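Next up: the same protein chain in two forms, each one alone, written as structure tokens (structure 1, then structure 2).
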Structure 1
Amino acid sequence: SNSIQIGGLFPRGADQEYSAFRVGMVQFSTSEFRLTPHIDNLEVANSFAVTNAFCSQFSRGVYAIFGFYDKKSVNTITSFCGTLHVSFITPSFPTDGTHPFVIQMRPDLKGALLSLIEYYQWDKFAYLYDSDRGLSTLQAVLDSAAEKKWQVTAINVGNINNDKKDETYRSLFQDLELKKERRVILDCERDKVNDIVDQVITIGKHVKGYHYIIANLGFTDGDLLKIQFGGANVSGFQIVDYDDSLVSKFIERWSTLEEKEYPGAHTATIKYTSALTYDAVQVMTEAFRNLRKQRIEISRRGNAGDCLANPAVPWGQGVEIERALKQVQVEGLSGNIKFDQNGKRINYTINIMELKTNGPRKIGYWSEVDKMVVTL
């Protein structure tokens, strides 16, 4: 048997991620033990919902929770996890701090972004953002601006009501035009980028003389073809490397999976959040394997009880499970996976990309310790 109960907290509509999760469950299945996921699908921005689901898993008796949060709900997660010693493994944006009991699959992007800016020798640009992943990056660029004498125009595009969102664009570009802004960073939710890209194309700002940096880890995850021929420079970041044999092999299978059975999966690419979901199954699997290999018993003796029991007394095995997960080092879709004591990715690589007439191309990479290295 060896059935190991875990929770799965999935946003509604995260079909590809859940398909990647199930493929991960197949890939990393083993006779040693079985991960036994209990799945909740919910509105990840709704803290009540996230608390209900967390507590429901907790009372069932899970040994770890894999899932997602939003900026509206990250504090529910870090606070419940930290209080009860339950480990959360997530592909979402890294928490802004050193919160314990959170294993963060997603590498920090800020460093690479700052180096890229320096690399193109920008000292004046617009930073167009929303806040769904917090404001860490905004702070990082403001700090750099002050320190390197950059003139940054930083504008929150997150709050343009899509119910009348067009006069709002003209006024945005009017503001940008005041200083003839031509270098632009887009750090937004993926549909937000696409909205902004259409908006740019429409007013002819996708021509030569413009240069956009897409500040996310999935440059090729969405539709680049529409700005591929206008003449503007377009650059970005990619944590999933389709030239890795490991990734290449996975895509051979992924690309042929039955779409009815694996929604989101009959394609040549996989979104980085889905790749990280797949990699998370490997990490959890290795953690429980390592514990068993170390002869560390983590089996629950009694019921977890109510997540709101007062006083909140953390189970003693919590720390053990946190440590096992943080000590995992493996190779996955997102390259070398290793964590520091705070569950943040270290020793990872981010590929730096440029859009060219013949498609997106790697021009080099950013190293978690060597910064930006061009490929010759």
Structure 2
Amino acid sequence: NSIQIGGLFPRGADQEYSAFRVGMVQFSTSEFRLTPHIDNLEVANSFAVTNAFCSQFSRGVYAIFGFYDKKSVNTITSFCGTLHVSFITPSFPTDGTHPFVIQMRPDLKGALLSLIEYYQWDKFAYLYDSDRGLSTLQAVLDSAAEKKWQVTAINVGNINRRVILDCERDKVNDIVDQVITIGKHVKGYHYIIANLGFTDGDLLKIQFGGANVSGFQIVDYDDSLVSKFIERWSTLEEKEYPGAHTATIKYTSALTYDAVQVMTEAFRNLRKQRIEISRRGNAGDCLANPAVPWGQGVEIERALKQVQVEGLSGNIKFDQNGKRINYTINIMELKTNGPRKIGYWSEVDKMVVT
């Protein structure tokens, strides 16, 4: 039979939607068909997000794949928790209690703290914006006081030589451009770029003026799964799949493809347990208070969190709060030849060289 799911995409997230579509084809099975209902909206607009969520809810969707941002994350978490509708997302993870949110993106805070320690930094700047949450800010401040670090933590998000940049890609360019412009000790700087897409396109087109640059990567192109994927992705018709026909894939797009794998696996597992996922009967007003307890929702959430598969972002496994666990983050440096992996980080071993 067909299983209804929702898709909540930001306007302009073209590559991610192409990755979603490619995943829908790749992970298709004879057992059931995933029938997606797509909405494109401004995810920063909580009213619009509410409208889209309610639309999906009323179509009886069994799960929603989508994105949020700092302004709408609370709408998503509260509506998911209230209605027992699972939201699977490549957006920034959160540390709070968020039943019914499955976060495809691994937490970077631990790898970042381990890297600062690996380079033996004790004095540095953390230049950040709030677009990916403030948990990383809090974690840096916590560790600073513990290890006697002197940290200069500046919010660059509202603006009209060891440096961590945890900000929008546009701002990285502006900041580095400024350092090279000043012309003082340009090569003596060391930037750590606090995101999971070191080699994703744009970042390494920046002229760093010979400074040291380090970062992180969750998609390992040496992986058999990934190289095989890229072999096909790199030859797709860009007209048909905007953002495709590239040698690399943004990590958010890779997580979107992986999310389709996770959803498919969850529904396969529910089918194996004879848990009904065919079609919801009558869904009342979305904004009914109190909300009606939808029973299947709890099992669907459990099944999504129970999934274990290997994808483009490596080993995928979740804890009871929908957070990635048992993952690995590759630590990268920009060498004179190009970006190179210098080691990796996992929960159990922290940072391991080579």
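Quick note, the numbers are simply positions in structure 1, starting from 1. If you superpose the two forms and keep the largest set of C-alpha atoms that fall within 1.5 Å, you have the rigid core.
Of the residues listed here (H206, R106, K71, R289), only one shifts its CA by 2 angstroms or more between the two structures after fitting on the rigid core, and it is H206.
Once both forms are fitted on their rigid core, the CA atom of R253 lies less than 2 Å apart between the two structures. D195: CA moves 2 Å or more between the two structures after rigid-core fitting.
For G264, a C-alpha deviation below 2 angstroms is recorded between the two structures after rigid-core alignment. Overlaying the rigid core between the two structures leaves the Cα of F229 displaced by 7.0 angstrom. In the core-superposed comparison between the two structures, the CA atom of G302 travels 2.1 Å. The two forms line up on their rigid core, and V369 then has its Cα shifted by 1.4 Å between the two structures.
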